[PDB]
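Single-letter residue listing:
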Amino acid sequence: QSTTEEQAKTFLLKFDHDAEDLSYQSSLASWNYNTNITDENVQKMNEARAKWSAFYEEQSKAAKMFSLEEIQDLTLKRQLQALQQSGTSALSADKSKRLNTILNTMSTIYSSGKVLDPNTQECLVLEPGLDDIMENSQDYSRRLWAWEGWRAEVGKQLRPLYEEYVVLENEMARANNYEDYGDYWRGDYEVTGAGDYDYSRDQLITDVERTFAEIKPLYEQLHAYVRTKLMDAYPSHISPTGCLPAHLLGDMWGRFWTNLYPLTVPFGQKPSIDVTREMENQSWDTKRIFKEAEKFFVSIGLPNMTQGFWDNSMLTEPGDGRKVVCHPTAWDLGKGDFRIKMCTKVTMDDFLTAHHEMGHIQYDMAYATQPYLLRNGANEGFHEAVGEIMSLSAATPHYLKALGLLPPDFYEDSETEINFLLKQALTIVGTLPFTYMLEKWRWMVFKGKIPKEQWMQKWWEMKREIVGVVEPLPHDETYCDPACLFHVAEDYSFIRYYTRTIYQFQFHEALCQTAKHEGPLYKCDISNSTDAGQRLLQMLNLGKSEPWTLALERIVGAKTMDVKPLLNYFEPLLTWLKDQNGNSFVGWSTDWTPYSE
Ligand SMILES: [Zn+2]
C-alpha cells in the first residue's frame, strides 16, 4: 500500500541520524568557542553553523512533498510541521537578498552605540560607563544628560530600517499563508485536532488583558506607596501625583531597578537576609553547593548531573590567559554529553543561579528519552519557568536553617520578610504590567491599530494616560526609542518573559498544593516530600510529547491562565496596603504634566 508515512519515517530516521552528529560536533565545537575565543575557533563555528543551516533547509524542502494531512498522529504531525518551515526564501531573490543585507547592517553599526559627555574629560560607553550613570546614581542632571545624549544620536540612523523590516516580515508572513506578522507570531499557541484540550490564537490576548484587570488594585496600591517614597528624591521636578520622567526610570529601559535599593528601603535599620560570612566560616565551596542541592532533588527523585559534569565542566573561569563568557549557560550537547559553564562565586545570587543551572538542565534529562526532535520543553515559557521555581525553595528560611546556612535558633521577623517581597517583586513582578502593556503596544503595532505616521509618538502619547510615564522632551518622527535595546534589532520576542512568569507561579502553586503546605503561599516548602516528586515527574517525563495546555493541567489541575495564586501570594500585602490610600490620591494625575506647564 506504501503509505507516505512509511517513507517519511525513514526520512525522519535519516534526518535524526545526520542531525544528531551534526549538532553534537557543532555543540562540541560550540563549547570550545565559549571557553576559547580565537581566530580559528570562530571560523569553524561559522562553517559548522552554515552546514547545519543548509542541511536543515534541504530537509525543509524534502518535507514539502510529504503533506501534513497524511499523518494522523498529533505528535508525529508536530515534527513534520516544525521541519516543513522554510523561512524567508519564499519571496523573490531580490527581496531576500535585501533582507540579508539589512540584517547585516543592524549587526555591525548597531552594536557601536556611543554617547557624548558635555565635558570632554570623561568619555563613557554603554558597557559599563553609561550603565553606572543610569542605574547607580543619586542625582538628576547626570541621568538627564545621559538620556538626552544617547537618544539624540541613535534614532536618526536606525529609524528608517524598522519600517522596511516590518513590511518585509509581513510579506514573508503572507507567503506562508498567514494573515499578518501577528498571526505569524500567534501560531506558537495554536492547537488543532487534539479536541477540547486546545487553545485559540486570539484567546491569549483576551485572557492576558483580563488578568491585567485583577492586577490593577494591587498595582495602584504599590505604585502609590513607591511614589510617596519617591517624592523625597526629586521634589523639585515631580509632583506628588505626577508621572516619573523617562530619564528617572531606573535604567535605560525601566527593566532593572535593583541598584536603587538604598533610596527606597522602607526599614533601613532592619538588615536583609545575608549569611555570606557564614559559609566562609564553614569552608563551603562551589562544589559543596552542588551536592547539598542534590539533597533537595533526591527528596523529589531527581538525580545528580552525570559524571561528565564533574571532570569536563569547570566551575570557575580558567586563569591560563583565555577569556570566556562568564554568563551562566545551559548546554544540551546531546549523545549523553552534557557540559556546564559559569564563573560562579560564593554569593546568594550566584547561590540561586547555581541551582537554576543545575535544575534547569534537569529538564533536559527529563525529556532526554524523547526523540531528538521532541527533546525540548513544552513551549518557550515552560523551560525557563522550571528552573526559576527550583531556586524558590532553596531561598526559604527553613531550607537554609536545615542546610547549615542559618543558625538553629534563628528567628525571622515579619519586617525582615518585608524586604524579600519587595526584592523579588522589583526583580520579576514589577515589570509584568510594563511587559504586558509593551506587548500590547507591539500587538496593535502588529495589528495596524496604531497609524503608520504615529508609530513612535503614540508610544509617548498613551504613555501619559495609560502607562503613566511622562516624557521630559518631545521628539519628532525621526527618533526610535526601541533602537536603544540590542534585542530589538535581533528579533527577540517579549511575551516569553510573561509566559515564563505566569507558568512559574502556577508551578509553584501546584507544587505547594501537592506539598499540602498550610497558610500564605510564601511560607511554602516542598523539601523531603517524596510524594510531591512523583507528581513533578509526571510533567517532566512528557516534555514536548504533549501540549502545554494538557501538560499544565497535569501539575496544576486546570487548563487556563490563572492569577488567583498570585493574589493569594500577595494577600498579606494587599490587606496591609488597602488602608494606605486614605491620605493619598490613587492613580497618576494626568492633569499636571512637567513638560507643557
Ligand atoms: Zn535554566
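About the cut-offs
- Residues numbered from 1 in each chain as written, not as in the entry; some residues may be left out.
- Part of a larger assembly, values for the part shown.
- Heavy atoms only, no water.
- Residues with missing side-chain atoms left out of burial classes, pairs and counts.
- Helix = DSSP H or I, 4+ residues; strand = E, 2+ residues; numbered from the N terminus.
- Rg over C-alpha atoms; globule rule 2.2 N^0.38 Å.
- Contact = heavy atoms within 4.5 Å.
- Disulfide = S-S within 2.5 Å.
- Buried < 20%, exposed > 50% of the residue type's maximum accessible area, 1.4 Å probe, protein only.
- Core = buried A, V, L, I, M, F, W, Y, C linked by side-chain atoms within 4.5 Å.
- Axes fitted to C-alpha atoms, helices over the stretch in contact; angles between N-to-C directions.
- Parallel < 35°, antiparallel > 145°, perpendicular 65-115°, else oblique.
- Nonpolar A, V, L, I, M, F, W, Y, C, P; charged D, E, K, R; others polar.
- Donors = N, O, S within 2.8 Å, 3.2 Å for Na, K, Ca; no water.
- Left-handed = near helix turned anticlockwise from the far one by under 90°.

By the method listed in its record, cryo-EM, this PDB entry was determined to a resolution of 2.62 Å.

Asks: Would you mind showing me how to read the overall build of the chain here?
Replies: A count of helices and strands for the chain gives 23 helices and two strands. For 597 residues, the compact-globule estimate of 2.2 N^0.38 gives 25 Å, and the chain sits close to it at 26 Å. In terms of principal-axis extent, the alpha carbons of the chain reach across some 80 × 65 × 55 Å. Of the contacts formed within the chain by residues at least 6 apart in sequence, a portion of 72% connects residues at least 24 apart.

Asks: Can you help me understand the state of the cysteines in this one?
Replies: Simply put, the disulfide is a covalent bond whose two ends are the sulfur atoms of two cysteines. Counted according to the given criterion, the structure contains two disulfides. Covalently, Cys326 is tied to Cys343 through a disulfide, its sulfur atoms 2.0 Å apart. Disulfide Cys326 to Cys343: torsion about the S-S bond roughly -85 degrees, handedness left-handed. With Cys326 in the loop between α11 (307-311) and α12 (348-366) and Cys343 in the loop between α11 and α12, the pair connects residues that are 17 residues apart, well separated along the chain. Given the relative accessible area of 35%, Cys326 is considered partly exposed. What links to what in the chain: the bonded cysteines, counted in sequence order, pair as 1-2, 3-4.

Asks: Help me out: how do you make sense of the nonpolar core in this one?
Replies: Side chains of nonpolar character tend, in soluble globular proteins, to be buried together. In terms of nonpolar packing, the biggest core is built from 95 residues, with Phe382, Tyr503 and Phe507 touching the most fellow members. With residues near it in sequence (within four places) discarded, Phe507 still touches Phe382, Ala385, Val386, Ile389, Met539, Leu552 and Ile555.

Asks: Explain the environment of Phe382 here, please?
Replies: For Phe382, the location among the structural elements is in helix α13 (residues 380-394). For the pair formed by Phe382 and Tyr363, sequence separation is 19 residues and the distance between their alpha carbons is 9.7 Å. The residues contacting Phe382, other than those within four sequence positions of it, are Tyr363, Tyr503, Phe507, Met539, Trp548, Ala551 and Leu552.

Asks: Help me understand the packing of helix α19 (residues 495-515) against helix α21 (residues 548-555), please; the structure alone is not making it clear to me.
Replies: When two helices pack together, their arrangement is given by the angle between the helix axes and by the axis-to-axis distance. For the pair α19 and α21, the least separation of the axes is 9 Å and the interaxial angle reads 30 degrees. Viewed along their axes, α19 and α21 adopt a mutual orientation that is roughly parallel. On α21, the residues touching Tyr503, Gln506, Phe507, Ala510 and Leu511 of α19 are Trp548, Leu552 and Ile555. Broken down by class, the residue content of the contact of α19 with α21 amounts to seven nonpolar, one polar and no charged.

Asks: What is the right way to look at the coordination of the zinc ion in this model?
Replies: Put simply, the ideal angle at a metal is 109.5 degrees for four donors in tetrahedral geometry and 90 or 180 degrees for six donors in octahedral geometry. For the zinc ion, the full set of protein donor atoms is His356 (NE2) and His360 (ND1), and the range of their distances to it is 2.3 Å. Taken as a pair, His356 and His360 lie in helix α12 at a separation of four residues, close to a single helical turn. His360 carries the same exposure label as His356, and that label is buried.

Asks: Explain the packing of α13 against α19 to me, please; I cannot follow it from the model alone.
Replies: Closest axis-to-axis distance for the α13/α19 pair is 8 Å, and the angle between their directions is 50 degrees. With respect to their mutual orientation, α13 and α19 come out oblique. You can see that α13 and α19 cross each other, and the crossing is right-handed. Between α13, through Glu380, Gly381, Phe382, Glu384, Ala385, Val386, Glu388, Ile389 and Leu392, and α19, the contact on the second element is made entirely by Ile495, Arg496, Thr499, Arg500, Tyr503, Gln504, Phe507, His508 and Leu511.

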